[PDB]
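What's counted below: heavy atoms across the whole structure, side chains too, no hydrogens, waters or symmetry copies. By convention in this document, chain letters (A, B, ...) are assigned in the order of the sequence lines, proteins followed by strands, and residues within each chain are numbered from 1.
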Amino acid sequence: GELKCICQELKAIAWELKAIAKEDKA
Amino acid sequence: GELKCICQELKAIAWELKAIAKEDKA
Amino acid sequence: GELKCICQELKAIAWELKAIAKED
Amino acid sequence: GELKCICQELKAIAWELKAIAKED
Amino acid sequence: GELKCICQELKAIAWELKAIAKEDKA
Amino acid sequence: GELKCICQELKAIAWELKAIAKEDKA
């Protein structure tokens with residue numbers, strides 16, 4: 001339900017921040 | 001209900017971070 | 001109650017992120 | 001309660017992002 | 001329990017953002 | 001279950017923000 005939805009969007013956020021982190025480093 | 005509001009806002013946040021992650025590149 | 005509180009602060013966060021993404 | 005705790009940390013998050021948005 | 005887990009991680013997120021905001025004066 | 005999934009993703013987000021905060025420190 002909505003809890004699975006919330007976990008899925010949090011995973012999305014984590015992966016966007018990893019992209020921001022690697023680029024920032026670069 | 002409120003759990004749906006929460007999921008929808010996390011989707012918005014994920015999308016804005018995608019924009020920030022892309023911007024820094026382009 | 002408390003769930004509505006959480007919803008409203010996530011709206012506030014999405015809104016600050018929108019300001020950040022625009023000015024960048 | 002843990003829910004109040006969660007809403008309070010989200011406000012603290014929105015606060016810092018407002019500082020990042022205003023600065024940038 | 002897991003709700004205490006979630007509050008603690010949000011505290012950790014708010015702390016890293018406070019660090020980013022403080023160094024952001026550049 | 002679902003709440004543990006949420007906590008785990010928040011840990012992942014906190015870790016990426018830590019990386020960002022430390023890069024920025026430089």
Side-chain angles (χ1 to χ4, degrees), chain A residues 2-3 5-21 24, chain B residues 2-21 24, chain C, chain D, chain E, chain F residues 2-26:
Chain A
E2 284 323 87
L3 294 188
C5 193
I6 292 166
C7 198
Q8 293 298 116
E9 294 307 328
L10 289 174
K11 303 175 169 186
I13 286 165
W15 283 100
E16 296 306 336
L17 291 169
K18 184 186 293 299
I20 291 166
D24 271 25
Chain B
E2 225 56 58
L3 290 182
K4 176 181 72 67
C5 154
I6 292 168
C7 191
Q8 296 291 310
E9 296 307 317
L10 292 167
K11 291 176 159 165
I13 288 161
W15 194 244
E16 311 286 350
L17 291 169
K18 194 184 276 294
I20 292 153
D24 303 1
Chain C
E2 304 155 333
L3 292 183
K4 174 173 188 60
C5 183
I6 289 170
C7 152
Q8 296 298 128
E9 293 307 324
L10 289 163
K11 289 168 177 176
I13 291 163
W15 198 241
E16 301 302 340
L17 288 171
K18 191 182 287 294
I20 293 159
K22 315 311 264 317
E23 80 206 2
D24 286 1
Chain D
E2 312 103 303
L3 296 182
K4 167 178 271 62
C5 186
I6 288 165
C7 196
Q8 288 180 348
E9 296 308 321
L10 293 169
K11 314 165 172 166
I13 291 171
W15 176 258
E16 302 303 340
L17 295 169
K18 179 175 178 196
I20 296 166
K22 280 43 184 175
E23 203 147 31
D24 282 6
Chain E
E2 291 136 341
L3 294 179
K4 178 188 279 322
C5 195
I6 286 158
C7 198
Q8 293 305 121
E9 291 314 315
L10 291 170
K11 292 178 180 298
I13 289 163
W15 189 248
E16 306 294 343
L17 291 169
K18 181 188 291 302
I20 292 162
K22 204 167 203 134
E23 128 277 304
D24 214 272
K25 320 247 150 177
Chain F
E2 275 146 345
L3 293 182
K4 184 169 169 180
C5 183
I6 293 173
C7 197
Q8 294 294 127
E9 287 317 319
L10 294 166
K11 293 185 169 144
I13 293 168
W15 185 248
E16 304 301 333
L17 286 171
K18 187 188 288 305
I20 292 166
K22 280 190 163 53
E23 205 53 38
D24 289 19
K25 227 63 73 224

**Prompt:** At what distance, to the nearest 0.5 angstrom, does NZ of C:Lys18 lie from CH2 of B:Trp15?
**Reply:** 11.0 Å
**Message:** Please check: side-chain N/O of F:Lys25 versus main-chain N/O of F:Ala21, any donor-acceptor pairing under 3.5 Å?
**Reply:** yes
**Message:** Ignoring hydrogens, what is the shortest heavy-atom contact between D:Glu9 and E:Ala14? Give both atom names and the distance.
**Reply:** OE1-CB, 4.1 Å
**Asked** When you look at C:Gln8 and C:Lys11, which way does the side chain to side chain donor-acceptor pair (under 3.5 Å) test go after all the steps?
**Response** CA-CA 5 Å; C:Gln8 296 298 128; C:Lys11 289 168 177 176; 3.0 Å; yes
**Message:** With rounding to the nearest 0.5 angstrom, report the CD1 to NZ distance, A:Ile6 to B:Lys4.
**Reply:** 11.5 Å
**Request:** Assess whether side-chain contact (heavy atoms from CB on, under 4.5 Å) is satisfied between B:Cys5 and B:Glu2, documenting all intermediate values.
**Result:** CA-CA 5 Å; B:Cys5 154; B:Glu2 225 56 58; 4.1 Å; yes
**Message:** Between C:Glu16 and D:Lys22, does any side-chain N to carboxylate O distance fall below 4.0 Å?
**Reply:** yes
**Asked** In Å and rounded to the nearest 0.5 Å, what is the CD1 to CG distance from B:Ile13 to C:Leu10?
**Response** 5.0 Å
